[PDB]
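Peer 1: Below is the file query.cif, with mmCIF, C-alpha atoms and all ligand atoms.
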```
data_final
#
loop_
_atom_site.group_PDB
_atom_site.id
_atom_site.type_symbol
_atom_site.label_atom_id
_atom_site.label_comp_id
_atom_site.auth_asym_id
_atom_site.auth_seq_id
_atom_site.Cartn_x
_atom_site.Cartn_y
_atom_site.Cartn_z
ATOM 1 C CA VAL A 1 162.522 104.552 163.115
ATOM 2 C CA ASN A 2 161.208 107.608 164.995
ATOM 3 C CA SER A 3 158.488 110.187 164.348
ATOM 4 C CA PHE A 4 160.666 113.176 163.351
ATOM 5 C CA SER A 5 160.217 114.458 159.801
ATOM 6 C CA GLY A 6 161.666 116.976 157.352
ATOM 7 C CA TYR A 7 165.206 117.109 158.767
ATOM 8 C CA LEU A 8 168.439 117.489 156.830
ATOM 9 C CA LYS A 9 170.983 114.866 157.869
ATOM 10 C CA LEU A 10 174.323 116.461 158.757
ATOM 11 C CA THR A 11 176.187 113.420 160.106
ATOM 12 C CA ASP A 12 175.532 109.868 161.235
ATOM 13 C CA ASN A 13 173.776 111.191 164.357
ATOM 14 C CA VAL A 14 172.945 114.911 163.864
ATOM 15 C CA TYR A 15 169.911 116.249 161.985
ATOM 16 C CA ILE A 16 168.736 119.854 161.489
ATOM 17 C CA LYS A 17 165.545 121.696 160.481
ATOM 18 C CA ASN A 18 164.230 125.282 160.226
ATOM 19 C CA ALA A 19 161.522 125.070 162.892
ATOM 20 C CA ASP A 20 160.312 126.354 166.248
ATOM 21 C CA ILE A 21 161.374 123.825 168.903
ATOM 22 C CA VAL A 22 158.046 124.459 170.672
ATOM 23 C CA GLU A 23 156.033 123.452 167.603
ATOM 24 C CA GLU A 24 158.329 120.490 166.975
ATOM 25 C CA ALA A 25 157.804 119.352 170.560
ATOM 26 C CA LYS A 26 154.012 119.705 170.378
ATOM 27 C CA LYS A 27 153.961 117.622 167.182
ATOM 28 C CA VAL A 28 156.427 114.883 168.122
ATOM 29 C CA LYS A 29 156.143 114.711 171.933
ATOM 30 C CA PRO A 30 159.757 113.497 172.146
ATOM 31 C CA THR A 31 161.227 111.653 175.084
ATOM 32 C CA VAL A 32 163.602 114.584 175.695
ATOM 33 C CA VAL A 33 163.367 118.239 174.704
ATOM 34 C CA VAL A 34 166.426 120.354 175.521
ATOM 35 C CA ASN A 35 165.995 123.811 177.034
ATOM 36 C CA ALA A 36 168.659 126.487 176.550
ATOM 37 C CA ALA A 37 168.639 127.387 180.236
ATOM 38 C CA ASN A 38 170.520 129.734 182.536
ATOM 39 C CA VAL A 39 171.932 128.627 185.897
ATOM 40 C CA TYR A 40 168.883 129.983 187.775
ATOM 41 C CA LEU A 41 166.333 128.234 185.536
ATOM 42 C CA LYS A 42 164.714 131.643 185.014
ATOM 43 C CA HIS A 43 162.935 131.037 181.712
ATOM 44 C CA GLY A 44 162.485 134.598 180.532
ATOM 45 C CA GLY A 45 163.154 134.686 176.801
ATOM 46 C CA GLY A 46 164.454 132.826 173.794
ATOM 47 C CA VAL A 47 163.921 129.080 173.758
ATOM 48 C CA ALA A 48 163.416 128.972 177.537
ATOM 49 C CA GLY A 49 160.769 131.695 177.572
ATOM 50 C CA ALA A 50 158.993 130.072 174.628
ATOM 51 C CA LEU A 51 159.024 126.563 176.117
ATOM 52 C CA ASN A 52 157.866 127.820 179.487
ATOM 53 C CA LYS A 53 155.026 129.871 177.973
ATOM 54 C CA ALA A 54 153.856 126.753 176.127
ATOM 55 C CA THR A 55 153.621 124.940 179.506
ATOM 56 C CA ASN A 56 151.427 127.718 180.941
ATOM 57 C CA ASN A 57 154.290 128.563 183.388
ATOM 58 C CA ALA A 58 154.325 125.037 184.880
ATOM 59 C CA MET A 59 157.964 124.679 183.802
ATOM 60 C CA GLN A 60 158.867 127.797 185.805
ATOM 61 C CA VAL A 61 156.955 126.616 188.900
ATOM 62 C CA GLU A 62 158.746 123.254 188.810
ATOM 63 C CA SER A 63 162.076 124.978 188.161
ATOM 64 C CA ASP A 64 161.720 127.337 191.135
ATOM 65 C CA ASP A 65 161.153 124.363 193.429
ATOM 66 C CA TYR A 66 164.220 122.653 191.926
ATOM 67 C CA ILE A 67 166.421 125.701 192.589
ATOM 68 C CA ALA A 68 165.027 126.188 196.103
ATOM 69 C CA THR A 69 166.101 122.617 196.900
ATOM 70 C CA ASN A 70 169.349 122.260 194.941
ATOM 71 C CA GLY A 71 170.734 125.719 194.194
ATOM 72 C CA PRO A 72 171.847 126.906 190.771
ATOM 73 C CA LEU A 73 173.227 124.759 188.006
ATOM 74 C CA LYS A 74 176.806 125.068 186.781
ATOM 75 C CA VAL A 75 177.578 126.731 183.473
ATOM 76 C CA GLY A 76 178.072 123.688 181.253
ATOM 77 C CA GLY A 77 175.760 121.639 183.479
ATOM 78 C CA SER A 78 172.218 120.333 183.258
ATOM 79 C CA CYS A 79 169.286 118.820 185.087
ATOM 80 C CA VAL A 80 166.408 116.577 184.008
ATOM 81 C CA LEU A 81 162.930 117.865 184.841
ATOM 82 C CA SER A 82 159.445 117.202 183.507
ATOM 83 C CA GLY A 83 158.619 117.870 179.867
ATOM 84 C CA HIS A 84 155.075 118.873 180.889
ATOM 85 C CA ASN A 85 152.779 118.915 177.831
ATOM 86 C CA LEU A 86 155.709 119.107 175.388
ATOM 87 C CA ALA A 87 157.819 115.980 176.004
ATOM 88 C CA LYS A 88 158.344 113.264 178.579
ATOM 89 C CA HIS A 89 161.388 115.060 180.006
ATOM 90 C CA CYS A 90 163.057 118.426 179.618
ATOM 91 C CA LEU A 91 166.858 118.453 179.806
ATOM 92 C CA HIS A 92 167.751 121.978 180.968
ATOM 93 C CA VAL A 93 171.287 122.638 179.681
ATOM 94 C CA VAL A 94 173.331 125.762 180.466
ATOM 95 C CA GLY A 95 175.633 126.842 177.675
ATOM 96 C CA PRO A 96 177.993 129.744 178.366
ATOM 97 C CA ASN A 97 176.533 133.203 177.774
ATOM 98 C CA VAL A 98 179.290 135.418 176.384
ATOM 99 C CA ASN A 99 177.063 138.477 176.864
ATOM 100 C CA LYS A 100 177.379 137.579 180.563
ATOM 101 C CA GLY A 101 181.136 136.943 180.239
ATOM 102 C CA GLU A 102 181.111 133.136 180.389
ATOM 103 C CA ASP A 103 183.896 130.962 178.972
ATOM 104 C CA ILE A 104 183.008 129.595 175.526
ATOM 105 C CA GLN A 105 185.152 126.492 176.121
ATOM 106 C CA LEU A 106 182.259 125.417 178.368
ATOM 107 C CA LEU A 107 180.051 124.905 175.298
ATOM 108 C CA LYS A 108 181.597 121.469 174.743
ATOM 109 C CA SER A 109 180.810 120.522 178.346
ATOM 110 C CA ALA A 110 177.224 121.714 177.816
ATOM 111 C CA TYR A 111 176.771 119.499 174.750
ATOM 112 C CA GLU A 112 178.276 116.504 176.604
ATOM 113 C CA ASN A 113 175.073 116.383 178.668
ATOM 114 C CA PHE A 114 173.233 115.288 175.506
ATOM 115 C CA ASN A 115 175.176 112.003 175.481
ATOM 116 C CA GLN A 116 173.189 110.783 178.504
ATOM 117 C CA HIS A 117 170.070 110.510 176.291
ATOM 118 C CA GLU A 118 169.611 108.259 173.280
ATOM 119 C CA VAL A 119 167.461 110.740 171.293
ATOM 120 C CA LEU A 120 166.847 114.465 171.833
ATOM 121 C CA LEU A 121 165.084 117.425 170.262
ATOM 122 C CA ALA A 122 167.332 120.427 170.878
ATOM 123 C CA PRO A 123 168.242 124.010 169.991
ATOM 124 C CA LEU A 124 171.744 125.231 169.248
ATOM 125 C CA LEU A 125 173.285 126.093 172.583
ATOM 126 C CA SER A 126 174.722 129.532 173.308
ATOM 127 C CA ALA A 127 173.341 130.984 170.032
ATOM 128 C CA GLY A 128 170.691 133.693 169.721
ATOM 129 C CA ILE A 129 170.520 135.975 172.756
ATOM 130 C CA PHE A 130 173.270 133.920 174.424
ATOM 131 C CA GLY A 131 175.648 135.762 172.091
ATOM 132 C CA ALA A 132 177.876 133.033 170.600
ATOM 133 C CA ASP A 133 178.430 132.239 166.913
ATOM 134 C CA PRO A 134 175.793 129.695 165.775
ATOM 135 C CA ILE A 135 178.125 128.223 163.147
ATOM 136 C CA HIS A 136 180.569 127.436 165.959
ATOM 137 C CA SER A 137 178.011 125.983 168.137
ATOM 138 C CA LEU A 138 176.845 123.626 165.385
ATOM 139 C CA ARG A 139 180.446 122.448 164.912
ATOM 140 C CA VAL A 140 180.849 121.753 168.641
ATOM 141 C CA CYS A 141 177.528 119.910 168.648
ATOM 142 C CA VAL A 142 178.556 117.640 165.775
ATOM 143 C CA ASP A 143 182.006 117.035 167.289
ATOM 144 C CA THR A 144 180.661 116.315 170.809
ATOM 145 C CA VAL A 145 177.236 114.671 170.706
ATOM 146 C CA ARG A 146 177.223 110.968 169.838
ATOM 147 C CA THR A 147 173.548 110.232 170.509
ATOM 148 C CA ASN A 148 170.789 111.095 168.029
ATOM 149 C CA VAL A 149 170.075 114.827 168.088
ATOM 150 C CA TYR A 150 167.373 116.640 166.114
ATOM 151 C CA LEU A 151 168.209 120.346 166.014
ATOM 152 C CA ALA A 152 165.477 122.940 165.514
ATOM 153 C CA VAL A 153 166.737 126.334 164.313
ATOM 154 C CA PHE A 154 163.916 128.901 164.377
ATOM 155 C CA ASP A 155 165.630 131.738 162.504
ATOM 156 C CA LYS A 156 165.253 131.113 158.777
ATOM 157 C CA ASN A 157 168.147 133.358 157.759
ATOM 158 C CA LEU A 158 170.466 131.673 160.252
ATOM 159 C CA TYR A 159 169.262 128.215 159.230
ATOM 160 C CA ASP A 160 170.145 128.922 155.601
ATOM 161 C CA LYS A 161 173.546 130.238 156.689
ATOM 162 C CA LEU A 162 174.217 127.052 158.723
ATOM 163 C CA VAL A 163 173.457 124.079 156.427
ATOM 164 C CA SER A 164 175.061 125.455 153.286
ATOM 165 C CA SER A 165 178.266 126.154 155.230
ATOM 166 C CA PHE A 166 178.364 122.983 157.338
ATOM 167 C CA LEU A 167 181.629 121.281 156.449
HETATM 168 O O1 LIG A 201 167.112 130.201 165.985
HETATM 169 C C1 LIG A 201 167.814 130.015 166.963
HETATM 170 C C2 LIG A 201 169.330 129.842 166.919
HETATM 171 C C3 LIG A 201 169.753 130.026 168.385
HETATM 172 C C4 LIG A 201 168.473 129.693 169.244
HETATM 173 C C5 LIG A 201 168.329 130.522 170.555
HETATM 174 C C6 LIG A 201 168.663 129.939 171.787
HETATM 175 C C7 LIG A 201 168.541 130.637 172.993
HETATM 176 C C8 LIG A 201 168.062 131.955 173.007
HETATM 177 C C9 LIG A 201 167.708 132.561 171.801
HETATM 178 C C10 LIG A 201 167.834 131.846 170.594
HETATM 179 N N1 LIG A 201 167.357 129.936 168.273
HETATM 180 N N2 LIG A 201 166.062 130.047 168.722
HETATM 181 C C11 LIG A 201 165.104 129.067 168.651
HETATM 182 N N3 LIG A 201 165.376 127.836 168.152
HETATM 183 C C12 LIG A 201 164.391 126.893 168.091
HETATM 184 N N4 LIG A 201 163.134 127.057 168.500
HETATM 185 C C13 LIG A 201 162.867 128.276 168.994
HETATM 186 N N5 LIG A 201 161.678 128.696 169.471
HETATM 187 C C14 LIG A 201 161.758 129.986 169.916
HETATM 188 C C15 LIG A 201 163.092 130.402 169.688
HETATM 189 CL CL1 LIG A 201 163.847 131.923 170.031
HETATM 190 C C16 LIG A 201 163.812 129.336 169.110
#
```
Let me see the structure of the file written as structure tokens.
Peer 2:
Amino acid sequence: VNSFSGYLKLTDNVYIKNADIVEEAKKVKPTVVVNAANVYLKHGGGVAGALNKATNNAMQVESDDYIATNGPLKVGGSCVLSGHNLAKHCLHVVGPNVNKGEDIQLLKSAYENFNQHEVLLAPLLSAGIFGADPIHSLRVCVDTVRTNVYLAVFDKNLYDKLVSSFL
């Protein structure tokens, strides 16, 4: 039993809710919150901008030191950093951005990073301003992640479109 509440169960291990991941994180303080990152960990907008703002820019400061030491992530890759005031850890995961030209086959690889963590609070990867179809993304998530994932979908209209159509 964990402290998440109000989620619709999609499968044995995937749950979904119409919520802001930032507010969910502040309420639950999960072990792992997933950021929808880019390879540079430049947290400008979307989920990343919102999470970083909630940390008072501490996420960005930590991220810049990470990149200065290690260089950029791979598309489809991830790194574990601090969760600051929002969670124990933040798993920064890079889904492909098709508005940048990135290969959507890499979305499965991105979701595979979730399997290294027993429980996660996450957004849909590559959706929103990353330009991919959120219905597709949800399907890849369900077909790839085997650990317990709690998905927060902020957009109400999209959320309604997703659950009622989830096969
Ligand atoms: O509604 C959706 C579906 C796709 C995803 C998205 C991911 C990357 C960039 C833009 C959007 N998204 N946004 C969020 N999901 C949960 N919490 C959130 N807090 C603030 C925002 Cl934006 C947000």
Peer 1: Using all atoms listed in the file, find each residue with an atom at most 6 Å away from ligand LIG 201 (chain A) and format the answer as a list in words.
Peer 2: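 Counting all atoms listed in the file, the residues within 6 Å of ligand LIG 201 (chain A) come out as residues 20, 21, 22, 36, 46, 47, 50, 123, 124, 127, 128, 129, 130, 152, 153, 154 and 155 of chain A.
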Peer 1: Residues of the last selection are to be written out with C-alpha atoms, as a compact mmCIF listing (two decimals), in the coordinates of the input.
Peer 2:
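The result, stored in result_15.txt:
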```
# COMPACT_ATOMS: atom_id res chain seq x y z
CA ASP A 20 160.31 126.35 166.25
CA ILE A 21 161.37 123.82 168.90
CA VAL A 22 158.05 124.46 170.67
CA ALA A 36 168.66 126.49 176.55
CA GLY A 46 164.45 132.83 173.79
CA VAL A 47 163.92 129.08 173.76
CA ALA A 50 158.99 130.07 174.63
CA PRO A 123 168.24 124.01 169.99
CA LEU A 124 171.74 125.23 169.25
CA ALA A 127 173.34 130.98 170.03
CA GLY A 128 170.69 133.69 169.72
CA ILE A 129 170.52 135.98 172.76
CA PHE A 130 173.27 133.92 174.42
CA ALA A 152 165.48 122.94 165.51
CA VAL A 153 166.74 126.33 164.31
CA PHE A 154 163.92 128.90 164.38
CA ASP A 155 165.63 131.74 162.50
```
Peer 1: Could you name the residues that touch range 51-59 of chain A at 7 Å or less, counting all atoms listed in the file, but leaving out those on the same chain fewer than 6 positions away, as a PyMOL selection string?
Peer 2: chain A and resi 22+43+84-85
Peer 1: Excluding range 100-102 of chain A and its own-chain neighbours fewer than 4 positions away, which residues fall within 9 Å of it when counting only C-alpha atoms? Please give them as an MDAnalysis selection string.
Peer 2: chainID A and resid 75 95:96 106 130:131
Peer 1: Taking the file as shown, find all residues satisfying the PyMOL selection byres (((chain A and resi 34) around 8) and not hetatm) and write them as a ChimeraX atom specification.
Peer 2: /A:32-33,35-36,90-93,120-123
Peer 1: Calculated over only C-alpha atoms, which of the candidates A:39, A:107, A:151, A:142 has the smallest distance to residue 73 in chain A?
Peer 2: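 For residue 73 in chain A, the nearest of the candidates is A:39.
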Peer 1: Point out the residue among A:162, A:149, A:1, A:67 with the least atom-to-atom distance to residue 137 in chain A, counting all atoms listed in the file.
Peer 2: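 Counting all atoms listed in the file, the residue closest to residue 137 in chain A is A:162.
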Peer 1: Given the file shown, enumerate the residues that the PyMOL selection byres (((chain A and resi 140) around 12) and not hetatm) captures and present them as JSON, numbers by chain.
Peer 2: {"A": [14, 95, 104, 105, 106, 107, 108, 109, 110, 111, 112, 124, 125, 126, 127, 132, 133, 134, 135, 136, 137, 138, 139, 141, 142, 143, 144, 145, 146, 166]}
Peer 1: One number please: CA of residue 76 in chain A to CA of residue 2 in chain A, in Å, one decimal.
Peer 2: 28.4 Å
Peer 1: Using Å and a single decimal, report how far CA of residue 161 in chain A sits from CA of residue 10 in chain A.
Peer 2: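 Result for CA of residue 10 in chain A versus CA of residue 161 in chain A: 14.0 Å, one decimal.
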Peer 1: Residues within 8 Å of residue 41 in chain A, please, as an MDAnalysis selection string. Count only C-alpha atoms; anything in the same chain fewer than 4 positions from it doesn't count.
Peer 2: chainID A and resid 37 60 63:64 67 72 92
Peer 1: For the atom pair CA of residue 118 in chain A and CA of residue 98 in chain A, what is the interatomic distance in Å to one decimal place?
Peer 2: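 Interatomic distance here is 29.0 Å.
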